[PDB]
Amino acid sequence: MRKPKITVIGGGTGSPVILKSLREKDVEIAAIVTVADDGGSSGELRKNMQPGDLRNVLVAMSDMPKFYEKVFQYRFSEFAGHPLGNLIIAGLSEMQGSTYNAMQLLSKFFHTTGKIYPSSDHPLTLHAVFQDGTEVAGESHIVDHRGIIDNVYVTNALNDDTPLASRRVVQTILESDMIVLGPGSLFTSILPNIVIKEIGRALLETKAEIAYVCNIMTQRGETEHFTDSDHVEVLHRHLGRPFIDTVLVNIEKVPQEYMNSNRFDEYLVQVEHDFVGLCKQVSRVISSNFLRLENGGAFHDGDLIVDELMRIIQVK
Amino acid sequence: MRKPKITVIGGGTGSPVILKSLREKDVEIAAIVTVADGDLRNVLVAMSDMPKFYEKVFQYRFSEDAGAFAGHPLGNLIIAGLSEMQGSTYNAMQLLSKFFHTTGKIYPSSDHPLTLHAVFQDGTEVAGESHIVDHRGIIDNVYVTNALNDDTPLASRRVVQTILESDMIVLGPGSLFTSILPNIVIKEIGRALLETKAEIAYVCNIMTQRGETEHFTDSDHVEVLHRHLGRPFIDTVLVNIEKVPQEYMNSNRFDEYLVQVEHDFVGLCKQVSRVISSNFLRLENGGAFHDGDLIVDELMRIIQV
Ligand SMILES: [Cl-]
Numbered sequence: 001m002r003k004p005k006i007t008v009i010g011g012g013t014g015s016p017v018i019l020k021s022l023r024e025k026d027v028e029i030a031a032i033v034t035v036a037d038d039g040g041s042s043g044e045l046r047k048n049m050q055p056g057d058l059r060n061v062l063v064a065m066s067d068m069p070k071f072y073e074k075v076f077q078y079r080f081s082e087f088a089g090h091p092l093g094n095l096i097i098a099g100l101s102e103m104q105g106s107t108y109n110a111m112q113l114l115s116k117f118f119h120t121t122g123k124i125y126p127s128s129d130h131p132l133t134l135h136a137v138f139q140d141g142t143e144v145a146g147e148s149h150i151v152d153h154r155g156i157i158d159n160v161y162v163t164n165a166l167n168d169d170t171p172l173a174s175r176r177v178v179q180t181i182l183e184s185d186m187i188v189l190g191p192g193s194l195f196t197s198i199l200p201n202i203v204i205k206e207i208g209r210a211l212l213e214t215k216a217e218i219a220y221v222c223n224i225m226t227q228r229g230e231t232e233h234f235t236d237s238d239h240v241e242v243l244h245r246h247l248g249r250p251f252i253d254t255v256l257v258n259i260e261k262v263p264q265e266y267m268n269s270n271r272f273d274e275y276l277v278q279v280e281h282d283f284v285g286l287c288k289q290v291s292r293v294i295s296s297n298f299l300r301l302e303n304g305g306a307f308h309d310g311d312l313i314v315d316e317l318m319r320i321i322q323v324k
Numbered sequence: 001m002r003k004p005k006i007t008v009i010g011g012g013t014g015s016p017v018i019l020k021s022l023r024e025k026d027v028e029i030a031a032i033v034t035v036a037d056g057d058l059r060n061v062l063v064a065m066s067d068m069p070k071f072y073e074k075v076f077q078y079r080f081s082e083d084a085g086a087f088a089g090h091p092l093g094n095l096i097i098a099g100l101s102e103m104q105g106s107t108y109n110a111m112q113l114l115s116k117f118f119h120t121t122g123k124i125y126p127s128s129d130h131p132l133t134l135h136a137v138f139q140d141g142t143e144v145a146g147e148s149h150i151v152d153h154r155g156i157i158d159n160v161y162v163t164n165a166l167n168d169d170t171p172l173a174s175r176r177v178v179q180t181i182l183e184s185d186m187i188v189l190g191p192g193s194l195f196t197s198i199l200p201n202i203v204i205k206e207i208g209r210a211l212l213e214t215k216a217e218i219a220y221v222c223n224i225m226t227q228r229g230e231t232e233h234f235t236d237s238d239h240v241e242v243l244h245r246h247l248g249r250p251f252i253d254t255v256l257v258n259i260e261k262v263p264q265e266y267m268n269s270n271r272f273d274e275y276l277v278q279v280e281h282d283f284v285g286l287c288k289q290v291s292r293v294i295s296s297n298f299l300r301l302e303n304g305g306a307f308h309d310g311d312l313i314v315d316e317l318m319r320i321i322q323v
């Protein structure tokens, strides 16, 4: 029998430990990331503009992840106090004119294993609509805009045509045994991928099991009572129909004392749990301890997550 | 048969050309470089899994629009950041190699970081490489000390064994006083060169350098190497006899005081058993450079396992 095939979509915060654990298993891995608001197509002056989804996936799928985490994370103190490795992605992107144009150089540089694909082969802009109706374009701008995000959408930077998937992307989704959405920020990591029509169709049609790994914590632009159920609801609304087959949610408590002592943003809280609402929406709901309290934060435990995923995975 | 084992000692602009050609041949390569308080950088890129890639990446500089970072090269950022992480460039050598996915072996010459010292013909002493090249005068001799203590510099782990087990040692090309000699004035390395059964080959410079007289002939380069190691030790010497045209030099903005090395066959023959005088000149990127393939073709033709 062939190795199972697993495609991770989003690649936000928490995906590197999932990707590490997946690599220890006997499985092929593909990652899909959005690379938007990019280069000459961003509509910004060159001085004005100068993200982690790509960096996280690149380092996690590199030939020496431990090595490259150490390296892509050290900070000068000496310039003066900036992270090395953020400077490498900055450099190659400036060199090539956009991060999109740098992506093949970047996979060469990190000696990546498996496939990393952009969601589209054309330049994309990310748009957020806030609760009051205000529309903001650009991830860095969205993230800086005060308020609660209602919805996101993507457009082509260079024209009014409907954005299109990069097609090796469609085939990858359709030929997978499992799709892992997340973990990552819902609005700025996961959703930009699924709002491209050809990707939303592939998710709907794939024989793969679709698994969503929910956040440990609420994010900027999310309310205190934005439940795990609510996260599933937003995903389903953005794609246009229900489509998650399995949802994994953490129910182990993040102690207040740990959040206080570790100087967490005081408005980020543990994602509230709504079992009834999850069950109404998703066939298989997995609530368990998937929490790792280490390195000053409340992160996903990659192995506890991936052990569940390997238990349910089936070759299609 | 076995693959021949070739150790390359020194290098300027220089070694990368020789290392590139050697990599095309079926040979095991070791490189020995001097680490002070450059040549390391060029050997790292030359021995990497993607030299053209790393060369481009290395030398891109942030643009005028990169605010605070504007103008700084990417590769120097990398080498300086790993250096700082490890406490020194010397400390960072293993990580440097791992990153460039280097083939073969790269060794620092010495067991600690060094300071180069030069004694000038008028008796003046200057410490530090940059200070030496900037001092007005003619260099008589160089020696090395450890930067952090007064102990005799020793060879790093494996360097003596590597020299002794080699089929051939290639010295140069590169600045004699600041690239080649600092490696061989480490006493353990000098002794390893005197004792090794490896064929010792010296590739002479195309052009004279700072610290050297206009009439510093190929033969005088050999005399200086021999004098620093204390005995004759070079088995083969490869010298270029093709003329670097003056119009070429003028067009490409060459320094006027520096001339092409003068050929002295009789003097060479008095000192070294095998003297190879031929066209090893490549006039290419606004420079007078060594042709790596022609030099390496000659060396391969001489080599025995
Ligand atoms: Cl989280």
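If you read the protein sequences in the order shown, they are chains A and B.
Numbered per PDB author numbering, the first sequence spans residues 1 to 50, 55 to 82, 87 to 324.
Numbered per PDB author numbering, the second sequence spans residues 1 to 37, 56 to 323.
Virtual Cβ for every residue (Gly too), placed ideally from N, Cα, C.
Chain-order list of residues whose beta-carbon lies under 6 Å from that of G146(A) (same chain, five-residue window excluded): Along the first sequence, read from residue 1 onward, the residue named residue 146(A) stands at position 138. Only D37 meet the Cβ criterion.
One question on the structure: do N60(A) and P16(A) come within less than 8 Å of each other, judged by their Cβ atoms? Indexing the first sequence from 1 puts residue 60(A) at position 56. Indexing the first sequence from 1 puts residue 16(A) at position 16. Yes; because the gap between Cβ atoms is below 8 Å, this pair is in contact.
Cα-Cα separation between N167(A) and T180(A), rounded to whole angstroms: Mapped onto the first sequence, residue 167(A) falls at position 159. Mapped onto the first sequence, residue 180(A) falls at position 172. Rounded to whole angstroms, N167(A) to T180(A) spans 26 Å at the Cα level.
What residues of chain A sit near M103(B), judged by a beta carbon separation below 9 Å? The count along the second sequence starts at 1 and reaches residue 103(B) at position 85. The contacting residues are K74, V75, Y78 and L92.
What is the DSSP secondary structure of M111(B), counted as helix, strand or coil? For the purposes of this step, residue 111(B) is taken as the residue at position 93 of the second sequence. Looking at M111(B) - three-state DSSP - the assignment turns out to be helix.
Whole angstroms are fine: how far does the CA of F307(A) sit from the CA of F234(A)? Taking the first residue of the first sequence as 1, we reach residue 234(A) at position 226. Taking the first residue of the first sequence as 1, we reach residue 307(A) at position 299. Their backbone Cα atoms lie some 18 Å apart in a straight line.
Between the CA atoms of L134(B) and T196(B) - distance to the nearest angstrom: Here residue 196(B) refers to the residue found at position 178 of the second sequence. Here residue 134(B) refers to the residue found at position 116 of the second sequence. Just so you know, the alpha carbons of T196(B) and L134(B) end up roughly 8 Å apart.
How about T107(A): is its Cβ closer than 7 Å to a heavy atom in ligand 1? Stepping through the first sequence from its first residue, residue 107(A) is reached at position 99. Not a single heavy atom of ligand 1 lies less than 7 Å from the C-beta of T107(A).
Simplified DSSP assignment, three categories, for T163(B): Reading the second sequence from its first residue, position 145 is the one you call residue 163(B). Of the three classes helix, strand and coil, the one that applies to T163(B) here is strand, per DSSP.
Does the beta carbon of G99(A) sit closer than 8 Å to a beta carbon anywhere in chain B? As a position in the first sequence, residue 99(A) is number 91, starting the count at 1. So yes, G99(A) belongs to the interface.
Output needed for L58(A): all residues of its chain with C-beta closer than 6 Å, excluding positions within five of it in sequence on either side, in chain order. On the first sequence, residue 58(A) is found 54 positions in, with the first residue counted as 1. So the list reads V33, once near-sequence residues are dropped.
Can you name, in chain order, every residue of its own chain whose Cβ lies under 7 Å from the Cβ of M318(B), other than the five neighbours on each side? In the second sequence, residue 318(B) corresponds to position 300, counting from 1. Cβ within range, chain order: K25.
At the 8 Å Cβ level, is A36(B) part of the contact set with chain A, yes or no? In the second sequence, residue 36(B) corresponds to position 36, counting from 1. Closer than 8 Å: no.
Counting only beta-carbon atoms, is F118(B) nearer than 8 Å to chain A? Indexing the second sequence from 1 puts residue 118(B) at position 100. Taking Cβ atoms only, chain A never reaches closer than 8 Å to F118(B), which makes this a no.
Closer than 8 Å, CB to CB, is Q50(A) near chain B or not? Taking the first residue of the first sequence as 1, we reach residue 50(A) at position 50. Chain B, which has a Cβ nearer than 8 Å to the Cβ of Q50(A), makes this yes.
Cα separation between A110(B) and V75(B)? As a first step, residue 110(B) must be located in the second sequence, where it is residue number 92. As a first step, residue 75(B) must be located in the second sequence, where it is residue number 57. Those two C-alpha atoms are separated by around 20 Å.
Quick one: does the C-beta of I207(A) sit closer than 7 Å to a heavy atom of ligand 1? Start at 1 with the first residue of the first sequence, and residue 207(A) comes out as number 199. The closest heavy atom of ligand 1 lies 7 Å or more from the beta carbon of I207(A).
In this structure, how does DSSP classify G305(A) when only helix, strand and coil are distinguished? Walking along the first sequence from the start, residue 305(A) turns up at place 297. Reduced to three states, the DSSP call for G305(A) is strand.
Cβ-Cβ distance between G304(A) and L189(A) below 8 Å: As a first step, residue 304(A) is located in the first sequence; it is residue number 296 there, counting from the start. As a first step, residue 189(A) is located in the first sequence; it is residue number 181 there, counting from the start. Going by beta carbons, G304(A) and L189(A) fall outside the 8 Å limit.
Within 8 Å of any Cβ in chain B, is that where the Cβ of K261(A) sits? As a position in the first sequence, residue 261(A) is number 253, starting the count at 1. Taking 8 Å as the CB threshold, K261(A) stays off the interface with chain B.
Can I202(A) be considered in contact with ligand 1, in the sense that its beta carbon sits closer than 7 Å to one or more heavy atoms? Against the first sequence, residue 202(A) aligns to sequence position 194. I202(A) Cβ: outside cutoff for every heavy atom of ligand 1.
For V27(B), which residues in the same chain have their Cβ closer than 6 Å to its Cβ, ignoring the five residues on either side in sequence? On the second sequence, residue 27(B) is found 27 positions in, with the first residue counted as 1. Result list for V27(B): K3, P4 and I6, in chain order.
Which residues mark the beginning and the end of the beta strand (DSSP E) in which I6(B) is found? As a working mapping, residue 6(B) is identified with position 6 in the second sequence. Residue range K5 to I9 is occupied by the beta strand (DSSP E) that includes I6(B).
Please give me, in chain order, every unbroken run of the beta strand (DSSP E) with length at least 3 that falls completely inside the region 213 to 293 of chain A. Taking only runs of at least 3 residues, the beta strand (DSSP E) segments lying wholly in the region 213 to 293 of chain A are 217 to 221 and 254 to 258.
Output yes if chain B places a C-beta closer than 8 Å to the C-beta of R46(A); else output no. Position 46 of the first sequence, counted from the start, is the residue given in the question as residue 46(A). At least one chain B Cβ lies under 8 Å of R46(A).
Report the residue from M186(A), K261(A), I294(A) and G105(A) whose alpha carbon sits nearest the alpha carbon of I321(A). As a first step, residue 321(A) is located in the first sequence; it is residue number 313 there, counting from the start. Among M186(A), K261(A), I294(A) and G105(A), the Cα nearest to that of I321(A) is on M186(A).
Chain B contact for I150(A) (CB, 8 Å cutoff): Against the first sequence, residue 150(A) aligns to sequence position 142. Judged by the 8 Å Cβ criterion, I150(A) is not in contact with chain B.
Looking at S193(B): is its Cβ nearer than 8 Å to the Cβ of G12(B)? The residue you call residue 193(B) lines up with position 175 of the second sequence. The residue you call residue 12(B) lines up with position 12 of the second sequence. Contact: yes.
Looking at the structure shown, is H149(B) part of a helix, part of a strand, or coil, going by DSSP? Locating residue 149(B) in the second sequence gives position 131, where the first residue counts as 1. Taken through DSSP and simplified to helix, strand or coil, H149(B) comes out as helix.
Taking contact to mean 3 or more Cβ pairs, one atom from each stretch, closer than 8 Å, check whether the region 220 to 240 of chain A and the region 200 to 211 of chain A are in contact. No: the two stretches stay apart, fewer than three of their Cβ pairs being nearer than 8 Å.
Alpha-carbon to alpha-carbon, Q50(A) and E44(A): As a working note, residue 44(A) is residue 44 in the first sequence. As a working note, residue 50(A) is residue 50 in the first sequence. Rounded to whole angstroms, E44(A) to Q50(A) spans 11 Å at the Cα level.
Would you list the residues whose beta-carbon is nearer than 5 Å to any heavy atom of ligand 1, in the order they occur in the chain? Going along the chain, the residues that qualify are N223(A), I224(A) and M225(A).
Counting along the chain, where does the beta strand (DSSP E) carrying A136(B) start and finish? Translated into positions along the second sequence, residue 136(B) becomes position 118. From DSSP, the beta strand (DSSP E) with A136(B) extends over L132 to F138.
Is the number of C-beta pairs between the region 95 to 107 of chain A and the region 81 to 96 of chain B that are closer than 8 Å three or more? Touching, yes.
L92(A) in three-state terms, based on DSSP: In the first sequence, the residue the question calls residue 92(A) occupies position 84. In the structure shown, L92(A) sits in coil (DSSP, three-state: anything other than H, G, I, E or B).
Between which two residues does the alpha helix (DSSP H) harbouring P69(B) extend? Here the question's residue 69(B) lines up with position 51 in the second sequence. Per DSSP, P69(B) belongs to the alpha helix (DSSP H) from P69 to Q77.
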